[PDB]
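What follows is a short report on a single structure.
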Amino acid sequence: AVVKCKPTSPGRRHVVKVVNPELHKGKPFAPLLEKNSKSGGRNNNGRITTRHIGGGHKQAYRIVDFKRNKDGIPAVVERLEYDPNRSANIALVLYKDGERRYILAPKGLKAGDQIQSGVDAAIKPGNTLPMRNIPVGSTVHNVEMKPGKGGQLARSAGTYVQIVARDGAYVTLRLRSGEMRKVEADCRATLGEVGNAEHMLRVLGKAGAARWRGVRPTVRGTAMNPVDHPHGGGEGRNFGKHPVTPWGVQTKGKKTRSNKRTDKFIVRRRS
Amino acid sequence: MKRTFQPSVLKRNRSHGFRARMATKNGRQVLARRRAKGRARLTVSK
Amino acid sequence: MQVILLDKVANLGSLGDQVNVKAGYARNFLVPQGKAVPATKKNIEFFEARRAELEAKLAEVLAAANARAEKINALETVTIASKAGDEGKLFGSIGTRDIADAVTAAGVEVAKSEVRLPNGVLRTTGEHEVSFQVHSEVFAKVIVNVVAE
Amino acid sequence: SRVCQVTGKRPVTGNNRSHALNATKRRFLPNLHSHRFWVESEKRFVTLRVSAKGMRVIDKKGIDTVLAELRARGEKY
RNA sequence: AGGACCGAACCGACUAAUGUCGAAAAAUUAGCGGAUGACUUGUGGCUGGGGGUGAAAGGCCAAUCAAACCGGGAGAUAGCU
RNA sequence: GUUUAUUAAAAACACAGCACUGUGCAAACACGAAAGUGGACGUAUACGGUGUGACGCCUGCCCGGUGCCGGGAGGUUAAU
RNA sequence: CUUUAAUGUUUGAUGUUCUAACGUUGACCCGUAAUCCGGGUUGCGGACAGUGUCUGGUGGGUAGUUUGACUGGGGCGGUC
């Protein structure tokens, strides 16, 4: 649900919250937790490799099952939980044998639902099937690119891909970016689309909302000096230069895709 | 006025102590230069 | 490069002739597979006598043994029962491990790599023709019928 | 290190004269490649880091002779 | 409930005066701003000089920064005093 | 809210929001002669860069020049 | 010689298939109570990619330097 707060005071005026009543109001499953120390954008050398990253509230990593290797074992959905790491919510799944796992929650998933994995599975949302068994023209999420890898495509909230073509041992996928990718058939995918589709409606409201979300202030190149940035300098907001990255690479319409290795799996580019 | 020098025995030893100097070769060269000069206090220590 | 040949190559196979070959081809294929030996003024003398005719029989016997063993099964047919899906959509794709194991259990004694699948990987249920490459010039035809359970 | 395990080739520094004769320090690297050589003595494959020239000498001279020379040199393959 | 309000500790440093061989190599006195947060603080770590860090002032990096400090090339060179 | 510790606390910087653009994940990009790390145990409702700066009404005309993207007849064009 | 057409030859651009080089930040097993690494098995790519030498283009991202004298101060103008 989307609720807009009353303009009680500045900073709360523009906040738009996304309240999810069916979320679990309690501590998560301790056995599946794992510490996640923040890096602040620093790498092993200790230098800032990625800017505008730092701070934020402490958050624990949840071991989410992406491979879904428990084939032929029906499992019930215990509840849904808030995972700070993903944009989408996660679901606690209890298998018939009595083990609990975390999975991405699609739109149609809710407590008390039944899910299954492997070829011997129905077509209900949330089931894990290989594309060869999935009918063409359907919506799937958490797609794999190589068998057993785990799934990398369509993992964010409200994301999905289409089965557009089936060329024998290969399948063509149309991604939310308008990209048509050729993928090997045997590797797995999950039916339905990721839940929490209203992630756009949130606006964070104020400056500090981004601050405790792990994001640091961004400094425009113009405000910088000539030495530290290619932009900057001059009296009175002078630019007179083509936009560029801080390291001289020309941005704003310069393709940086140079792989020559995965191009054989690319059918069409973005448009 | 918080001056620059804020003493701390632990940090002083872990930054300029004997074991810190010997860990890396350059510190080893520093000890060698001190010995050649014949300084009474080779390094910092209690 | 000059190299003496032991096996019969389809294109340049003449059992020990000084035919130029690419160095990479010899290093990657001929040498590891024992189909050739690097002869440079030294192995030539040994080949003229110890291998010019002696090794010919030692090489033909293997071809004869393969020919007799690969006709062990007079029926020349394979039947496997699979729990295929309703109206097609076989349970899961099957490669060569299953058929090779079944053939070994009841049929011809064959290795794993010896099996070749020219027509896909036998996905659709029904009768299919499979070719086995047992020798450089010997081809074997086998009929495989998958029965839905 | 970028050192051939057969011929001992190592990177060698040098200058790159420009059209205006300007000199800048460069470095010529050997054409090293990781290759897997089949040896019948052990009936197994041994991985080596060799250059294009190194692979030629292995191709000409016996693989065993190169290994024996390599063992004498004291380098572990 | 609140980067909500008034206001001590705490953090900050807008105005004036004093002080400029001062008590102090930026302080005191009287007012002033924030004060549940993008807050503040202790301890210990990480980032090393054509580099770091920077809510961006060429600011900060041991009272020194449009390129730190120490030693060396080095008795650099000085058509200048 | 932040800033020129030690003459400038501001109209400057940041800001939520908006737009453009790059990136299909061995991602772009960054630090590294390299390995390897960060990005991220994230994967397009995500991430980087750039500009603008809540919100309201809007954001017009011009592709010559300089960039960027795409095309390809012909010309020119290194090593070899 | 102008003008044609078989077989064999030097072949090179182009396309298809294969795997044994090579890639694998795919899976499984072992060293090994090990997310490194190595080996083995297998899958997927595959003579591409990637790397070395040579070479064209791009290249203030970075570096070393230059940017005259006369002159009723200098600059501008003019002059040599």
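Lettering follows sequence order; numbering is per chain, from 1.
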For [X] and [N], is the shortest distance between a side-chain N/O and OP1 or OP2 below 4.0 Å?
X: A:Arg176; N: F:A44; result: no
X: A:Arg257; N: F:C25; result: yes
X: A:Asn225; N: E:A66; result: no
X: A:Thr262; N: F:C25; result: yes
X: B:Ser8; N: E:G44; result: yes
X: A:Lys146; N: G:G43; result: no
X: A:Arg216; N: E:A55; result: yes
X: A:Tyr61; N: G:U35; result: no
X: A:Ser39; N: F:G39; result: yes
X: B:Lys2; N: E:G42; result: yes
X: A:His199; N: F:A46; result: yes
X: A:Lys67; N: G:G26; result: no
X: C:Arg27; N: G:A20; result: no
X: D:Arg26; N: G:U53; result: yes

**Q.** From CZ (A:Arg188) to CZ (A:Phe66), nearest 0.5 Å
**A.**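 If I round to the nearest 0.5 Å, the distance is 15.5 Å.
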Which atoms form the tightest heavy-atom contact between [X] and [Y], and what is the distance?
X: A:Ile63; Y: A:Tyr102; answer: O-CB, 3.5 Å
X: C:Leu122; Y: C:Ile94; answer: O-CG1, 4.2 Å
X: A:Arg62; Y: A:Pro84; answer: NH1-CD, 3.2 Å
X: A:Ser156; Y: A:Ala88; answer: C-CB, 4.4 Å

Q) Of A:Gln250 and A:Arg47, whose closest RNA chain F nucleotide lies nearer the 5' terminus? A)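 The answer here is A:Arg47.
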Q. With nearest nucleotides of RNA chain F determined for B:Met1 and A:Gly151 from heavy-atom distances, which residue corresponds to the more 5′ nucleotide?
A.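 The residue whose closest nucleotide sits nearer the 5' end is B:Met1.
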Q. Taking the six-membered ring of D:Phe28, is the NZ or CZ of D:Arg26 close enough (under 6.0 Å from the centre) and on axis enough (within 45°)?
A.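 Satisfied, under 6.0 Å and within 45°.
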Q) Does NZ or CZ of D:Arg36 lie under 6.0 Å from the centre of the six-membered ring of D:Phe45, at an angle within 45° of the ring axis? A)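 Judged by the rule, D:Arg36 and D:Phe45 form a cation-pi pair.
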Q.
Parallel, tilted or perpendicular: which one describes the rings of C:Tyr25 and C:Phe29, with boundaries at 30° and 60°?
A.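 Because their plane-to-plane angle is under 30°, the rings of C:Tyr25 and C:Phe29 count as parallel.
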Distance between [atom1] atoms of [N] and [M] (Å, rounded):
N: G:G68; M: G:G52; atom1: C1'; answer: 49 Å
N: E:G12; M: F:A5; atom1: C1'; answer: 13 Å
N: F:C13; M: E:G22; atom1: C1'; answer: 37 Å
N: E:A35; M: F:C29; atom1: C1'; answer: 41 Å
N: E:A55; M: E:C39; atom1: P; answer: 13 Å

From C-beta outward on [X], which listed nucleotide comes closest to its side chain: [options]?
X: A:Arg261; options: E:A63, F:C31, F:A26; answer: F:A26
X: A:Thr251; options: F:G48, G:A21, E:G44; answer: F:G48
X: A:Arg12; options: F:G24, E:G2, G:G52; answer: E:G2
X: A:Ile48; options: E:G54, F:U66, E:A56; answer: E:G54
X: D:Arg2; options: F:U45, F:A34, G:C54; answer: F:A34
X: A:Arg220; options: F:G51, F:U45, E:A62; answer: F:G51
X: A:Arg237; options: F:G42, F:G17, F:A12; answer: F:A12
X: A:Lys264; options: E:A4, G:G46, F:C20; answer: G:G46
X: A:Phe239; options: F:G22, F:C25, F:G51; answer: F:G51
X: A:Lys255; options: F:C69, E:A1, G:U25; answer: F:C69

Whom does [N] pair with, Watson-Crick or G-U wobble, provided both distances fall under 3.5 Å?
N: G:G26; answer: G:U42
N: F:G72; answer: none
N: G:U66; answer: none
N: F:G65; answer: none
N: F:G1; answer: F:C13
N: F:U80; answer: none
N: G:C37; answer: G:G31
N: F:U21; answer: F:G48

Classify the side chain of [X] and the base of [N] as holding, or not holding, a donor-acceptor pair under 3.5 Å.
X: A:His14; N: F:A54; result: yes
X: A:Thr49; N: F:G38; result: yes
X: A:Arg51; N: F:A30; result: no

[N] on [M]: ring centres under 5.5 Å and planes under 30 degrees?
N: F:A40; M: F:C41; answer: no
N: F:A33; M: F:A34; answer: no
N: F:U77; M: F:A78; answer: no
N: G:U35; M: G:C36; answer: no

Q: Report the glycosidic orientation of E:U20: syn if within 90° of 0, anti in every other case.
A: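 Because its glycosidic torsion lies within 90° of 0, E:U20 adopts the syn conformation.
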Q: Between A:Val219 and A:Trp212, just flag the one whose closest nucleotide in RNA chain E comes earlier from the 5' side.
A: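 It is A:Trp212, whose closest nucleotide lies nearer the 5' terminus.
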Q) Hey, which of these two, B:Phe5 or B:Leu10, hits RNA chain E nearer its 5' end, going by closest nucleotide? A)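 Per heavy-atom nearest nucleotide, the more 5' residue is B:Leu10.
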(Q) Before you tell me yes or no, could you show the steps for D:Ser51 and D:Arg56 under side-chain hydrogen bond (donor to acceptor under 3.5 Å, both in side chains), namely the whole-Å CA-CA distance, both residues' side-chain angles and the distance that decides it to 0.1 Å? (A) CA-CA 9 Å; D:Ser51 60; D:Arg56 268 142 64 80; over 6 Å; no
With heavy atoms under 4.0 Å as the rule, sort [X] into base, sugar-phosphate or nothing.
X: D:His33; value: base
X: D:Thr47; value: sugar-phosphate
X: A:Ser177; value: base

**Q.** Candidate pair A:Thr262 and A:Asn259, rule side-chain hydrogen bond (donor to acceptor under 3.5 Å, both in side chains), full reasoning
**A.** CA-CA 7 Å; A:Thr262 55; A:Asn259 214 36; 2.8 Å; yes
